[PDB]
Amino acid sequence: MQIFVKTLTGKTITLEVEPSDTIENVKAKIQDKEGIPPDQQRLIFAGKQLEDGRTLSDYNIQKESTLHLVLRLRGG
Amino acid sequence: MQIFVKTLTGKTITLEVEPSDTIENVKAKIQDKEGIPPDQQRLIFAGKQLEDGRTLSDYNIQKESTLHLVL
Amino acid sequence: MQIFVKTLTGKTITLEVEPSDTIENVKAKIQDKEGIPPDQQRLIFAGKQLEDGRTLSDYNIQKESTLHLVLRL
Amino acid sequence: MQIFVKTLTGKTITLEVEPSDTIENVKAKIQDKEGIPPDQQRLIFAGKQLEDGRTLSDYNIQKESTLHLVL
Amino acid sequence: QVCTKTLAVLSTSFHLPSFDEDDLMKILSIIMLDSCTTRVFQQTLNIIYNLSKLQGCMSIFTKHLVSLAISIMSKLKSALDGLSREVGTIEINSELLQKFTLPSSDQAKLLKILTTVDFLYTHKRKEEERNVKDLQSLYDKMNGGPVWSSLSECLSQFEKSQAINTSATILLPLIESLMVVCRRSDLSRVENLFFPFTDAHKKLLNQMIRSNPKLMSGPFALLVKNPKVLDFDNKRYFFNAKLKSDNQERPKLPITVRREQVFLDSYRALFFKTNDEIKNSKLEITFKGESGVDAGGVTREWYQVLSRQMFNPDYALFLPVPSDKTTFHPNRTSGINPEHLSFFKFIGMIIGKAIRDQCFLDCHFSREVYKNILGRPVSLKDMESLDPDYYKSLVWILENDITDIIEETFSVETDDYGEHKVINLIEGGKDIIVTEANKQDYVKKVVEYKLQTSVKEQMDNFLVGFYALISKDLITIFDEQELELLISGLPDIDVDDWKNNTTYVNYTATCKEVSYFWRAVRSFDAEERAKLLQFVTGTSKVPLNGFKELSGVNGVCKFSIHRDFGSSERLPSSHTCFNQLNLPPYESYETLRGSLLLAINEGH
Amino acid sequence: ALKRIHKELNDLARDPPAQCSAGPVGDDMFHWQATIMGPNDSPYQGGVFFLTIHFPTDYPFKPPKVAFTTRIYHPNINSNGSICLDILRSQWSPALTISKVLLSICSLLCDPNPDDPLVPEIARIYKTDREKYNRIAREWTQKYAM
Amino acid sequence: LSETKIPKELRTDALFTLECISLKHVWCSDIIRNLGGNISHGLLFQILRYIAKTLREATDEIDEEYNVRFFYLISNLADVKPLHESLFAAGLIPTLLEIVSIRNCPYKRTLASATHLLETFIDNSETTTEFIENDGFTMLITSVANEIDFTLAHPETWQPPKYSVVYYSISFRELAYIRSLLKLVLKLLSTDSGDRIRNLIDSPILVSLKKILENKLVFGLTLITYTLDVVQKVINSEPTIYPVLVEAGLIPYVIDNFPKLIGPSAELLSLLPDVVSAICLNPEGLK
């Protein structure tokens with residue numbers, strides 16, 4: 001199916017994902033469009049942070065779902 | 001809040017600090033508790049050395065944070 | 001398109017370039033019209049220097065836009 | 001980036017440097033490529049001798065710059 | 001001076017000489033001499049101060065000084081009266097002009113006397129805090145009120161009369177004297193006269209400062225106590241001098257940052273240094289993989305790109321104010337990233353350095369940020385900038401009517417990244433219903449939460465980061481408008497980019513009317529260009545990217561010019577909702593320029 | 001003259017002679033500092049000599065003023081640095097270039113002009129004893145040029 | 001100049017001695033201090049205002065030699081940087097503008113000298129801004145336009161010199177005055193950034209320049225040279241202004257009548273190629 005990813009105030013983008021794929025695949029598919037490396041992208045849904053290991057099925061993701069994208073604030 | 005400082009072989013010590021406290025104040029408290037001068041103390045958190053001129057909030061140090069002391 | 005380059009130590013010259021042209025092409029044309037080697041050339045537009053790797057469209061340089069040429073050692 | 005270094009008393013070579021590199025680093029690289037220690041190397045560019053304490057950025061040395069060696 | 005310094009050292013620490021009132025008056029008479037130049041006056045001040053350390057010398061000094069001041073003011077009153085009368089009647093008579101222009105004029109001697117007494121009662125650095133009372137008593141004992149009133153009348157006459165040109169500077173020393181009698185009193189008697197006098201004569205004060213900025217280093221520094229009088233030019237010159245007063249050499253601090261990740265690279269390189277190090281360090285930037293850029297040039301590009309990246313909403317640090325995309329305010333949800341406090345502090349220090357470096361930033365902050373950094377409390381007036389229309393609704397609720405139309409409660413509903421949340425303005429705020437009996441507190445709580453509480457920690461970190469480079473007391477001398485001008489500067493609207501990224505209807509890029517319009521625009525001042533841009537789009541700030549980023553109510557909308565067939569006398573019209581400009585086809589360039597000037601000026 | 005000095009410096013930069021180098025001093029393009037290496041098979045061989053060049057406001061229509069900052073031994077060169085060369089005195093033409101001047105100076109270093117010298121003593125010792133002139137030149141170069 | 005008791009010859013000799021002393025930079029500071037050139041109400045500016053007053057009220061009291069010598073002395077003093085800043089702060093430009101802005105004054109020598117001093121003084125951005133804020137551009141445009149129009153409209157006043165080969169018919173007082181005005185225009189074009197030069201050139205001045213070009217036989221090769229220099233400089237700086245000159249009919253006149261404008265004058269001949277290049281800056285000009 002298809003999913004939507006939106007920034008705080010920027011445009012919205014569409015990805016072709018399936019429940020089994022890990023968040024790594026979603027981050028990579030985001031990268032091809034914007035170019036942000038996966039290590040820098042922070043993906044959130046329903047106000048809860050996501051993890052690379054888990055997948056859409058783990059986060060009960062479904063069709064026409066909107067996720068929120070942020071750029072990592074590396075601490076050092 | 002309170003933070004914990006642990007050495008390679010020694011025990012762990014507790015320091016009561018605040019976000020505005022600078023790493024220099026942390027070293028001063030360490031000296032007061034153990035006597036080690038600040039120049040002989042090296043502080044590491046998350047694998048990153050801590051500079052004297054900065055504070056705890058700069059390095060994302062929070063309550064119960066664990067730091068490594070190397071001499 | 002046509003752009004102008006003002007030499008702070010001389011006159012103004014005209015260059016026929018395109019937005020996609022890189023700053024290196026502009027430097028080469030400036031050398032052709034003046035003879036200054038590109039490495040000696042420093043270009044200024046709206047108070048900011050220009051990087052050879054970037055293009056005119058990146059710096060928002062349009063038709064009739066006037067750049068300034070200075071030399072630095 | 002690449003730089004050009006002609007030995008007036010010998011042959012010419014090419015090196016790789018960075019703007020922040022000091023002239024001492026350039027002389028060390030010259031020694032590595034040739035062998036003569038920096039103290040004996042004499043560096044000239046634009047008609048002025050190059051000082052170890054200085055750097056390429058201070059001297060405004062650019063890419064493909066041609067310097068002269070006296071040994 | 002040498003002999004008296006040795007004598008005082010011996011006394012404080014064989015037979016010692018004893019001075020008598022006649023000798024003290026004799027040495028004081030040096031001040032009255034027409035030959036008392038700056039060096040002579042300074043040496044005489046040192047001699048008098050050294051003598052004062054001997055018992056009984058201070059009382060005699062004070063008595064003689066007050067007597068001399070009374071005597072000189074006796075003549076100064078009549079001289080000022082005559083000068084004001086002549087100015088009102090009016091070339092000015094040379095005879096009375098020489099009474100002020102000459103270095104032996106009574107005004108110079110009065111200034112010297114006042115400076116001498118101030119030096120006597122101020123070089124006692126450990127006693128000034130308690131000697132201020134007796135110093136003010138001595139100044140009042142000189143009954144200088146009539147002289148101050150006459151000086152005020154003379155300055156008023158100078159303001160009214162143009163036949164004297166800018167000759168008011170002949171009274172420059174006397175004005176200085178006034179400052180001397182007020183620099184020690186409390187300004188947070190003569191005290192009641194300082195503020196009204198400066199308020200009345202700010203024009204002359206600013207003119208004098210502009211002509212001779214060095215005066216700020218002298219008694220005129222007291223004018224900081226009344227920042228309203230100082231014009232932005234004089235204020236900024238003084239601020240630059242004070243901030244640069246620590247003229248210590250700045251060590252160079254070369255860095256290397258990638259253009260794409262300039263924000264994070266700069267954060268790593270600089271945020272992990274010493275505050276004083278960055279304060280006193282000159283930054284030499286070196287973009288990774290760049291070419292043909294000198295050390296100085298890269299700094300401006302680095303500042304520009306770093307400012308552009310910091311306020312990128314994708315970082316969840318700052319959000320663009322609605323209708324004011326150019327200006328941003330701190331983001332409430334910045335808590336998603338644990339390091340947001342440190343990054344806010346880094347933004348503060350970089351802004352402080354930019355102010356120190358005199359590198360203007362196109363970024364803008366809502367009025368709340370400026371007011372808070374200046375220490376002023378934030379109210380609905382700041383809310384106007386952030387939400388103009390919504391602020392209008394709030395004020396309409398508060399005053400324009402008795403509301404009671406909406407069932408809103410004392411709580412705010414928000415959607416944090418898909419998570420719906422409710423925040424109570426006050427305890428039990430969710431259930432309490434907003435009514436006319438509790439609307440006055442409701443609006444206050446709403447604005448306080450929106451502007452201050454919702455950003456408390458982030459704005460505190462931003463402020464502490466900023467103050468690390470600029471003293472809070474040193475920056476509070478400005479105001480909201482002046483502070484904004486300090487960071488961003490006067491807006492500069494480009495002409496080529498504006499022209500290329502424009503559209504026409506019933507007109508062409510080569511049309512005679514379009515050519516006339518662009519010729520007129522290119523012949524406008526920067527302020528005039530900003531005024532025209534505001535008249536066209538409603539705001540004086542060009543979009544971050546440029547004129548290709550022009551946006552309206554419906555989104556992106558480039559500047560458009562449309563022919564108007566109405567009477568040529570019709571003033572050009574505009575619709576800011578779509579950056580639309582309906583222009584009549586003026587036959588002549590001069591007529592078009594005049595009409596456009598009239599339109600843009602009447603817009604404000 | 002700026003348009004001429006620019007191209008002169010550009011020509012030197014493109015194909016600089018390995019025998020000599022020069023450039024602006026303090027970014028003052030009318031003030032130049034130049035370096036010369038002693039000609040091969042010469043008493044000055046292996047040395048480094050510094051020269052100061054001032055370009056007249058009417059350059060190239062007037063010769064540049066070139067002075068030897070470094071002490072040197074030569075019949076036509078005075079200790080104060082003044083140079084006695086034909087191209088810089090009477091044979092100057094706008095067609096000449098600073099690189100050509102440097103090459104001519106380098107040639108003169110190994111090819112003195114005793115018949116028309118600047119300091120009589122050096123010319124006289126040269127004429128009377130070539131070997132003594134070579135020895136003293138070598139010693140002076142070692143003392144200062146090295 | 002205020003006191004009439006001092007003999008005129010003695011006053012002029014004293015002024016000449018002051019100028020000769022001021023030729024050396026060491027004593028320029030002392031001269032400024034004595035004359036009060038660092039204060040807006042000093043003797044220097046009093047003399048400036050008196051010169052303006054006597055010019056406004058025509059009388060035998062005018063001393064053209066004294067005025068020119070005083071302006072030369074002021075220029076010599078301003079040759080020093082700190083003294084230049086002191087004079088600028090004291091308000092020299094407003095007083096010089098007051099002198100220059102006089103209308104219908106027949107004493108063209110004093111006006112020309114004052115304009116030359118003003119042109120020399122205006123050096124940097126701050127001085128140009130001070131000149132503009134005092135209505136400098138409008139007064140300059142009015143002066144140029146009215147001077148040229150009056151010169152062309154009154155052949156009777158013409159009295160060109162004898163005992164020399166000249167290519168003009170005007171009395172050389174108007175010639176010198178107009179030359180000083182055009183020199184000031186060129187200086188403003190040079191020092192100005194470029195944004196504000198449109199407020200000056202894009203004005204009735206172009207009509208006056210076109211009249212000068214159309215009346216070579218009346219105005220002379222010197223004025224032709226200065227007009228062509230102004231055109232070339234304004235085209236070189238802000239080349240986008242080229243169409244404006246085409247609308248005024250100036251560049252078309254220069255192109256059509258290029259052989260006519262050339263004359264035996266070293267500066268004009270040396271300028272010619274620069275004019276051709278400036279014209280060629282635009283593709284239509286090149287064609």
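Worth knowing before you read on, the calculation uses all heavy atoms, side chains too, and leaves out hydrogens, waters and symmetry mates. So that the names make sense, note that chain A is the first sequence line, chain B the second, and so on, each numbered from 1.
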Could you tell me whether E:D357 and E:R300 make a salt bridge, using a distance below 4.0 angstrom between a side-chain N and a carboxylate O? yes

Tell me if a side-chain donor or acceptor on E:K288 pairs with a main-chain N or O of E:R259 at a distance below 3.5 Å. no

Side-chain heavy-atom pair E:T510, E:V514 within 4.5 angstrom cut-off: no

Side chains of C:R72 and C:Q49: donor-acceptor distance under 3.5 Å anywhere? yes

Distance-only polar pair, side chains of E:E513 and E:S515, donor-acceptor under 3.5 Å: no

So, E:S488 versus E:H364: side-chain donor-acceptor pair below 3.5 Å or not? yes

Scan for salt bridge (charged side-chain N to carboxylate O under 4.0 Å, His left out) pairs involving residues 187-196 of chain G, sequence neighbours excluded, and state none if there are none. G:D192-G:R196

So does C:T12 get a backbone contact from the side chain of C:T7, meaning a donor-acceptor N/O pair under 3.5 Å? no

Kindly say whether C:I36 contributes a backbone atom to a donor-acceptor pair with the side chain of C:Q41 at under 3.5 angstrom? yes

Would you please name every residue forming a ring-ring contact (aromatic ring centres under 6.0 Å, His included) with F:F55, sequence neighbours left out? F:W32, F:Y59

Side-chain donor or acceptor of G:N282 paired with backbone N/O of G:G285 under 3.5 Å: yes

Looking at residues at least two apart in the chain, or sitting in another chain, which of them share a ring-ring contact (aromatic ring centres under 6.0 Å, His included) with G:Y226? none

Could you verify whether a donor N or O on one side chain and an acceptor N or O on the other, from E:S588 and E:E590, lie under 3.5 Å apart? no

Within 6.0 angstrom of E:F578 CZ, more than 12 heavy atoms from elsewhere: no

Under a 3.5 Å threshold, yes or no: a donor from one side chain and an acceptor from the other, between C:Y59 and C:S65? no

Measure from the side-chain N and O atoms of D:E16 to the backbone N and O of D:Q2, and report whether any donor-acceptor pair falls under 3.5 Å. no

Between C:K6 and G:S237, is any side-chain donor less than 3.5 angstrom from a side-chain acceptor? yes

So which heavy atom on E:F263 is nearest to which on E:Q309, and how close? CB-CG, 3.4 Å

Side-chain donor-acceptor pair under 3.5 Å between E:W302 and E:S266, yes or no? yes

Between E:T539 and E:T576, is any pair of side-chain heavy atoms under 4.5 Å apart? no

Without hydrogens or angle criteria, can the side chains of G:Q232 and G:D274 be said to hold a donor-acceptor pair below 3.5 Å? no

Without swapping roles, check the side chain of E:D314 against the backbone of A:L71 for a donor-acceptor pair under 3.5 Å. no

Does D:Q62 form a side-chain hydrogen bond (donor to acceptor under 3.5 Å, both in side chains) with C:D39? I'd like the steps, not just the answer. CA-CA 7 Å; D:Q62 332 194 102; C:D39 90 9; 3.1 Å; yes

Pairing residues for E:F517 by the ring-ring contact (aromatic ring centres under 6.0 Å, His included) criterion, not counting sequence neighbours: none

Pairing donors with acceptors under 3.5 angstrom, does anything connect the side chains of C:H68 and C:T66? no

Once side chain to side chain donor-acceptor pair (under 3.5 Å) is applied, do any residues pair with C:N60, and if so which ones, sequence neighbours excluded? E:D497, E:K548

For C:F45, is there any backbone N or O sitting under 3.5 Å from a side-chain donor or acceptor partner on C:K48? yes

Main chain of E:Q304, side chain of E:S307: is a donor-acceptor contact present, judged purely on distance under 3.5 Å? yes

Establish, from distance only, whether the side-chain atoms of F:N10 and C:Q40 form a donor-acceptor pair under 3.5 Å. no

D:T55 side-chain N/O to D:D58 backbone N/O, donor-acceptor pair under 3.5 Å: no

Going by distance alone, is a donor N or O of one side chain under 3.5 Å from an acceptor N or O of the other, for C:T22 and C:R54? no

Got a sec, which residues hit ring-ring contact (aromatic ring centres under 6.0 Å, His included) with E:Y516, two or more places apart in sequence or on another chain? none

Check ion pair C:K29-C:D32 (N to O, under 4.0 angstrom): no

Are any of the side-chain nitrogens in E:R529 or E:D525 under 4.0 Å away from the carboxylate oxygens of its partner? no

For G:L186, does its backbone N or O pair with a side-chain atom of G:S190 as donor and acceptor, under 3.5 Å? no

Once you round to the nearest 0.5 Å, how far does CG of E:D265 lie from OG1 of E:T256? 9.5 Å

Classify the side-chain pair G:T240/E:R519 by whether it contains a donor and acceptor separated by less than 3.5 Å. no

Counting heavy atoms not belonging to E:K512, are there more than 12 under 6.0 Å from its NZ? yes

